[PDB]
Ligand SMILES: COc1cccc(CC(=O)Nc2nc(-c3ccnc(N)c3)cs2)c1
Ligand SMILES: COc1cccc(CC(=O)Nc2nc(-c3ccnc(N)c3)cs2)c1
């Protein structure tokens, strides 16, 4: 390369939203260093003291100029999870409405889990699919991570399933939309691993979008992934993920969702968590349908096609072999124009902040005696849209 | 407003004078990684995971950004306290520069800020120009335009300086010191070693180590002495509240040495010279030299007096008006456009004939976080520069 080339390459890298060394990732680096060094113990070191003093006025200006939590008015707590809460907010200046997921920095470190969010960020930020919930801004402070997404007013599939005996027409529509959306994620080289109705959200038109990309992972050259982590609720997970694989695992979960929609309960439910794991491992004999003519021949066929060992699982050869399945044969929609058709349940909403589909809903780090670098696992999480 | 805050934050990342422009920010990451890559500290998972995460990236960054291996070293054209100056050729552009190196370890065992600043933004034909300023874990680098004509020490050592020449060189020093003063700085250490010659034989000031910013009264309050033992003014020597009058004392010393051949307060020992300075009232004497003109003597004595009566106390113009400078060859306003008394005859773009023939220890591995690279974050001048 030439002199100019090297300069222009470096210059563009400061401007790239996919760059690790963007103007924003670099500002995080400084902001972190200053948080982890402002203690009296460490200030005994002159290098540390002089540095902090030198960058006092500057670090403050930035802390006040950059996007902060006090820039938003909180409207309602629309959810709760492991390491935080999701809330309906209004950006005080623009007056624009968003869903904001908060993640506790102290808790994440304590609970040793402090790297999942990376996958969740990139997916929502750059997916640019009508099937993925859109990330507009990502920011932070010494205590939390913030994800500013577009608000899904229709609620989740858990709420839908709880308010209707789902007819087969609807189950076909919702399964198909899940299939198209999982395929979009796979096409970005990702495996979800724990697909559940809690992750399936409804837009203002009643169409599907996937959310909460916690368990997601990037595939290797062979389209494969390795792990050994703590399973949450085993109910929706593939046997091979519990036994610990490729994207076949996400198709196992689709069969569990299609079962639950039509039967009313999950196929491997048991009292205890360990109970559910046993039923999954012994799927070959545990999977049974009730004696009511209700489920069609093809619905049963597709369920069993997905609820088998990976080696014979519908999907092992690709999306198209799932799409071709007779269960989907219909006179209402084409796969290529489905998200343009009329959704089976269209939400009737009172406002831009209607929260009718959502059910009605502080330990910090100690002072360190030496350098601990608690802010280091979060440098570069920041993101802004233009 | 929302936009206002973006714009404000945006002008800050772009400003070459900003503390948080792309240049400083990249230095901040580069530093953190250097001060953390040790086995002791890597036992901390936060530290290990961070380093592993930013491995591939920090390397790309290091390979792209300006580094010392981008230059071919032609000769060591100097040495000083904290490093060496060398004639280099940028391997890609093939362009020739003088590069001053400063040992990061030795410095620890903050003058460079004033020096960097003056050379980068002076925008005067009297000041040596800074093009790039880069670093690493061991050195600071200052890429300046190469002065092929050498210093005034070399000139004075190869010629019996005639008065015509001494007038020219003094005048150019006067114009250049005034330029620094106009940037609100006291030079504090004016000497022939700091006076360099361009390809045309014209003056430029270099090595701005001792440079300090004047206050509202155009004064400096230093509790300790600063400068060279022979050029140091009585008031800096006993520091301390003083002004730019001190630089004019040194011009006197520089005038006397060019005409007499020796410094005015020279003595056997260094302590001896200090004594003679403090007694400038009786020590200043001229030899039986049927060549030092009446005015040359007058100007020397005008500068070599106590500050209260020193030529310059009222301003540059009273120095300029002095009869010593009365001549029919140049005007003050068109002097650097006149033909220099010694025009260097140079063989190439890398002719180093005016430079005498010339011919490493680092920080130990730390057991805990020391942050030895923190006093240098922001010294880089490459990404965000004034054009
Ligand atoms: C992993 O730790 C946590 C912490 C807190 C909450 C949760 C659940 C969770 O992930 N909810 C999500 N909600 C949205 C969301 C997007 C658009 N609109 C609406 N209404 C909700 C995206 S992810 C998990
Ligand atoms: C601070 O301690 C040190 C360390 C290393 C060298 C020195 C002497 C010193 O300051 N030399 C200079 N040389 C130049 C220079 C510019 C253009 N062209 C040419 N040929 C030389 C500028 S400053 C002092």
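Chains as they are written, first to last, in my numbering: chain A, 3 to 388; chain B, 403 to 789.
For every residue, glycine included, the Cβ atom is placed at its ideal position computed from N, Cα and C.
- Taking 8 Å as the cut-off, the Cβ atoms of residue 374 of chain A and residue 34 of chain A do not count as close.
- Under the rule that a run must span 4 or more residues, the alpha helix (DSSP H) segments found entirely inside the region 463-525 of chain B read 506-510, 514-523.
- When the five nearest sequence neighbours on each side are left out, the beta carbons in the same chain lying within less than 6 Å of the beta carbon of residue 263 of chain A are those of 168, 173, in order along the chain.
- Using a Cβ-Cβ cut-off of 8 Å, residue 767 of chain B does not count as an interface residue toward chain A, since no Cβ of chain A sits closer than that to its own.
- The continuous beta strand (DSSP E) containing residue 621 of chain B extends over residues 621-623.
- Runs of the alpha helix (DSSP H) lying entirely within the region 646-730 of chain B, each at least 4 residues long, are 647-662, 672-680, 682-685, 696-705, 718-722 in chain order.
- When DSSP states are grouped into helix, strand and coil, residue 759 of chain B belongs to the coil group.
- Taking a Cβ-Cβ cut-off of 8 Å, the neighbours of residue 422 of chain B in chain A comprise 29, 32, 60, 64, given in sequence order.
- Counting only the Cα atoms, residue 443 of chain B lies some 45 Å from residue 132 of chain A.
- The residue among B:573, B:738, B:607 with its C-alpha nearest the C-alpha of residue 549 of chain B is B:607.
- Between residue 490 of chain B and residue 475 of chain B, the C-beta spacing is below 8 Å.
- For residue 593 of chain B, the nearest beta carbon of chain A is not closer than 8 Å to its own beta carbon.
- Annotation note: the region 564-592 of chain B contains the following uninterrupted alpha helix (DSSP H) runs of length 4 or greater, listed N- to C-terminal: 565-583.
- If you ignore the 5 residues before and after residue 543 of chain B, its C-beta comes within less than 7 Å of the C-beta of 470, 501, 503, 535, 536, 537, all in its own chain and listed in chain order.
- In the three-state reduction of the DSSP assignment, residue 163 of chain A falls in the helix class.
- In the structure shown, residue 158 of chain A adopts extended strand secondary structure according to DSSP, grouped into three states.
- Distances taken from the Cβ of residue 101 of chain A to the heavy atoms of ligand 1 include one shorter than 7 Å.
- Pairing residue 83 of chain A with residue 146 of chain A, the inter-Cα distance amounts to about 14 Å.
- Interface residue (Cβ-Cβ distance to chain A less than 8 Å): residue 418 of chain B is not classified as such.
- Among the residues facing chain A, residue 454 of chain B is not included, as its CB has no counterpart in that chain under 8 Å away.
- Residue 672 of chain B is classed as exposed because its beta carbon has fewer than 16 other beta carbons within 10 Å across all chains shown.
- Counting the other CB atoms within 10 Å of its CB gives residue 674 of chain B a total below 16, which places it among the exposed residues.
- Among the residues of the region 494-525 of chain B, those with a Cβ less than 8 Å away from any Cβ of chain A are 494, 495, in the order of the chain.
- Cα atoms of residue 479 of chain B and residue 604 of chain B: separation of roughly 19 Å, rounded to the nearest angstrom.
- In the three-state DSSP reduction, residue 383 of chain A falls in the coil class, being neither helix nor strand.
- When CB distances to chain B are screened at a threshold of 7 Å, not a single residue of the region 133-155 of chain A falls below it.
- Secondary structure note for residue 139 of chain A: its beta strand (DSSP E) is the uninterrupted segment 137-142.
- Spatial neighbours of residue 332 of chain A in its own chain (CB-CB distance under 7 Å, excluding positions within 5 residues in sequence) are listed in chain order as 174.
- Ranking B:598, B:658, B:579, B:627 by CA distance to the CA of residue 722 of chain B puts B:579 first.
- Neighbours of residue 280 of chain A in chain B, taken as residues at a C-beta separation under 9 Å, are lacking, since the least C-beta distance is about 35 Å.
- In the assembly as shown, residue 89 of chain A is a buried residue. Its beta-carbon has 16 or more other beta-carbons within 10 Å.
- With respect to the 8 Å criterion, residue 452 of chain B and residue 378 of chain A are classified as neighbours on the basis of their beta carbons.
- Set against 7 Å, the gap from the CB of residue 614 of chain B to the closest heavy atom of ligand 2 is not smaller.
- Taking 7 Å as the cut-off, the C-beta of residue 591 of chain B does not count as close to any heavy atom of ligand 2.
- Look at residue 204 of chain A here: in three-state DSSP terms it is strand.
- Contact annotation for residue 4 of chain A against chain B: 494 [CB-CB distance below 8 Å, chain order].
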